[PDB]
Each structure stands twice: as structure tokens, then as C-alpha cells.
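Only one chain comes next, encoded as C-alpha cells, the form deposited in one PDB entry.
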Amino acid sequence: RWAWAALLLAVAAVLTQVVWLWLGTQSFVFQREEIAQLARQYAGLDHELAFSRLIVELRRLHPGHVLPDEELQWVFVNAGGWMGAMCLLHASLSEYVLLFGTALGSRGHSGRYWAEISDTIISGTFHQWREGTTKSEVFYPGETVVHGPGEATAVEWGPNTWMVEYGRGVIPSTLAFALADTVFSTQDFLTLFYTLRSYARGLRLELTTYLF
């Protein structure tokens, strides 16, 4: 039975080799500039219409990578002390695209992620206070703010602020932060479920499209 341990790690070595090759020869659906430019084009429109225009345009540029209307949903997000709402459009293990914002405004912890996040503002104001500094910056509609991996900032959204968010990195690691307050502060298990389901729907889509 000692040889069975060798066979166990034999196929384990090959499978891990298959995965490694796949993770490295994998390409991305979206470009950072692509998402930013679309949002910048629509920022002058009311956010409701801007959202609709952007979703339609994303679907024609990348069919089979954007969730259907039947699976689009606004779900509150409580994390880092702030509160907003998001609508997931695309979600894989390496990328996501979502609409985010708040009608009341909010402040808190940007989060510390294993990913690069790009927020292009559609309406309102985004205040950013970078770690190590004692001054803040403000971004306005049409402008894109990037959150590098391992960076942590204090953020503030003004009343009625909305943005398109494009994330790239280890996406399942971001859920730990995004659902923290939901678990320990709001106890909103229903919201917790809606979030996980939306991610599942996004993963479901990307899997079928890749398989056709």
C-alpha cells in the first residue's frame, strides 16, 4: 500500500501541472481601459440610463460574459464600515464587473485586496485618503481611481454616487472583506445569500460559455 501513496501524488502532480499551465495561458475578457472608457462615455447621462446603456454595450462587445436581465439584481454591501449596493454583471475567478453606489453616501475602509480594482465614477463624488498620507483626493464623474493590490485607503462617497467597478486578481479572496460587516454588524443573512448566489450565477455563466 506504500506504492498507492506514490500513485496518489502522481496524478496529483499531473493535475496540479495541468492547472498551473491553464492559470498561466489564460487570457482576460475585459481590458481596464475598455471598461473605463464605456463608463466615461455615459457619465453625463442620469445613472439609471447610463447603467442600461453600459450593460447593453457590454453584452454586444462580449456576448456570453454578461449576466442576463433575469439574473441582474441590486444587493446591499456592508463592508469596512461603509454601505452601498452592487449589481454584478460579470464574475469569474480572476475578473469581475459590477455597478456600485449609494444614495445616501458612506465612509470607511476601502478594503485591502489581493486584486487590482478600478472604479470609474458615473455620478457623485469619490474621496480617497491614501495610507501614510494626511491629505485626501477627490475624484469626479468620468474619472477613474485605481486601487492596487495590498493597498488600503479610507474612502468617502458623497450623496448619490455611482460607479462601474472592474476587478482583477484573486476574486474569491475579496468576498471575505465584502461580507464581513454583513456577518458581524448587520446580521443580514438574506443579503449574504443574494451575494453568494450572484457570484454563483456569474461563475455558472463563464463555465457554460467556455464549454458552449
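Each form is matched to the other, and the largest set of C-alpha atoms that superpose within 1.5 Å is called the rigid core. One-based numbering along the sequence shown. Shifts are known only where both forms have a C-alpha.
There is another form of this protein, the form deposited in another entry, and it is not shown here; the text below is about that form.
Undergrad: After core superposition, I'd like to know whether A10 moves between this form and the one not shown (criterion: C-alpha shift of 2 angstroms or more).
TA: Yes, its C-alpha moves 2 Å or more.
Undergrad: Please check if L21 moves between this form and the one not shown, taking a CA shift of 2 Å or more relative to the superposed core as movement.
TA: Yes, shifts by 2 Å or more.
Undergrad: With the rigid core superposed, can you list, in sequence order, the 3+ residue stretches whose C-alpha atoms all shift 2 Å or more between this form and the one not shown?
TA: Shifted segment: 1-26, the only one.
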